[PDB]
**Student:** 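Right, I'll just put the structure down here and ask away after.
Values reported hereafter were calculated over all heavy atoms of this structure, with side chains retained and with hydrogens, waters and symmetry mates removed. Below, chain A is the first sequence line, B the second, and so on; all start at residue 1.
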Number of protein chains: 2
Amino acid sequence: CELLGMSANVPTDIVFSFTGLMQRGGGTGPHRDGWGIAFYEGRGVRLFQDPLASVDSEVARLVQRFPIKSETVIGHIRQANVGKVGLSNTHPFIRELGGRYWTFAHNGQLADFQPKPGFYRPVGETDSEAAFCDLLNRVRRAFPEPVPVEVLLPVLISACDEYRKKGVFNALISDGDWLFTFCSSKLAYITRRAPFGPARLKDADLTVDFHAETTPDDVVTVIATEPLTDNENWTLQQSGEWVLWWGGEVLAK
Amino acid sequence: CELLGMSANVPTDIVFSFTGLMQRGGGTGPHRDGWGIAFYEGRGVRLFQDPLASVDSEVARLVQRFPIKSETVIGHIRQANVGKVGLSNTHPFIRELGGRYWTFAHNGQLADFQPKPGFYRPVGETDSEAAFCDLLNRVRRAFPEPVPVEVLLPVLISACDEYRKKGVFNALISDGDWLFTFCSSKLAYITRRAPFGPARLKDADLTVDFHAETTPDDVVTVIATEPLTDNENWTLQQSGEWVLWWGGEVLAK
């Protein structure tokens, strides 16, 4: 329950409910693991994130109080405390390329990763952000001008392939239209077609509720590190498998 | 009371109490004028823009608070409901250059403004974002590698000067460290030195509260389109005047 995405064909509701901190057996006791949730409202993007916390922060309250409704959502919950702290090291990451805001979320670890500095440079010290910028540099070099998805698709797959050669590289990328997924370790998804009733996905210290259909033609796909609902149409992805989503539909894989 | 920035030498609290919607004589009646606030936490940045709700059943004046703590804040607290201009057209704008997140807020109108497309491209349709991207392109072209503020200072002044030849260009720029200001029409500031007591800046449908000093060495400068407190040490800026802040202190002007 780390990576979490959504691609829909209509702006759909998503309520995040972080269970307030509590004394437990292990997980989210006096503290809380870092999280991040980015989503789109047209071409614009909203980002709410927070690194390791020993209190129920204002940003954590902000995501919950905001009536969210989008077609593209990328998030990363319970990000490994490994390494360094701070906001600059919290997923997901944003950067504009071609007049579109790109969003990136990575789960896993990369060993001996040292990409050549380019146009885009990481602000933080994460290997995830270094990977994001590098991938962005390859897309910018190979395609100076905006090019349709299928064209820039090969460069995406290529970079992901190389990164997985140095460690675990599960990732979610989006320019606000499509939502690129890549599995190295584990990733899963489930498409829901109208008519559908409200569903409640949940972690151990999190709950994301979904409502009923807006129109009789709704299609909404949820992507997670692993099924959050008792296996239904939850399809499990294998190592090396990528999928390009857009409008909740599979474009290519 | 549109632009509002802050440069301080220690992370200082700033609470924004947006006076909830109410039936008035003219201003923020059933609707709400947009707003946007960005602030840093180290090198990372946070961006909050007005929620796409405002449909509060027009219940009696319900003020909503927004606590913020930072050394660098840049905001545009008087725009149009995000539902009217759209999220991609809401200030301030963010983009990374040289491994730092650059924030930008601009007040004023530009006529016949048509910068040549470059590295950075506006996601939205404002002349403001078009201006931000152009200024970033000039900096990236003139400075391929990270350079001290003083060196990149001239290019910032040049760009602003050019944009002011085509309209009003009051702007606030920042990389997380320093806060650049530029005046064309009107801009003002007031530096507060420890010891100082809590202050309450207020708009007509807003209130931004400040607290007492954290340490006896505090220095916090507030920049606004015009004095929010009954004139004290509020220094008024004239057309063509710029100031580079850092830790609440004037670096250059």
**Student:** Would you indicate whether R46(A), at its atom CZ, is surrounded by more than 12 heavy atoms from other residues, nucleotides or ligands within a distance under 6.0 Å?
**Tutor:** yes
**Student:** Quick check on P51(A) against chain B: is it the side chain, the backbone, both or neither that has a heavy atom closer than 4.5 Å?
**Tutor:** side chain
**Student:** If you count heavy atoms of other groups shown closer than 6.0 angstrom to CZ of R65(A), is the number above 12?
**Tutor:** yes
**Student:** Which atoms of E58(A) are under 4.5 Å from chain B, going by heavy atoms: the side chain, the backbone, both sets, or neither?
**Tutor:** side chain
**Student:** Does any backbone or side-chain atom of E41(B) lie under 4.5 Å from a heavy atom of chain A? Answer side chain, backbone, both or neither.
**Tutor:** both
**Student:** Where does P67(B) contact chain A at under 4.5 Å (heavy atoms): side chain, backbone, both or neither?
**Tutor:** both
**Student:** Closest heavy-atom contact between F66(A) and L52(B)?
**Tutor:** CE1-N, 4.1 Å
**Student:** For chain B, which of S88(A), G99(A), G44(A) has the most heavy-atom pairs under 4.5 Å?
**Tutor:** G99(A)
**Student:** Is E145(B) salt-bridged to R121(A), going by a charged N under 4.0 Å from an acidic O?
**Tutor:** yes
**Student:** Got more than 12 heavy atoms from elsewhere within 6.0 Å of CD, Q109(B)?
**Tutor:** no
**Student:** Answer with side chain, backbone, both or neither: which region of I68(A) has an atom nearer than 4.5 Å to a non-hydrogen atom of chain B?
**Tutor:** neither
**Student:** Can you name the closest pair of heavy atoms from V45(B) and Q49(A) and give their distance?
**Tutor:** O-NE2, 4.2 Å
**Student:** Under 4.5 Å heavy-atom distance to chain A, tell me which part of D175(B) shows up: side chain, backbone, both or neither.
**Tutor:** neither
**Student:** Would you mind checking which part of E125(B) comes under 4.5 Å of any heavy atom in chain A, side chain (CB onward), backbone (N, CA, C, O), both or neither?
**Tutor:** neither
**Student:** Could you tell me whether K84(B) atom NZ has more than 12 heavy atoms of other residues or ligands within 6.0 Å of it?
**Tutor:** yes
**Student:** What are the two closest non-hydrogen atoms of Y101(B) and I94(A), and how far apart are they?
**Tutor:** CE2-O, 4.3 Å
**Student:** Is the ring centre of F119(B) less than 6.0 Å from the ring centre of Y120(A)?
**Tutor:** yes
**Student:** Need one label for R43(A): side chain, backbone, both or neither, based on atoms under 4.5 Å from any heavy atom in chain B.
**Tutor:** both
**Student:** Checking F48(A) against chain B: side chain, backbone, both or neither under 4.5 Å from a heavy atom?
**Tutor:** side chain
**Student:** Tell me which of these, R61(A), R95(A), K69(A), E129(A), has more heavy-atom pairs under 4.5 Å with chain B than the rest.
**Tutor:** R95(A)
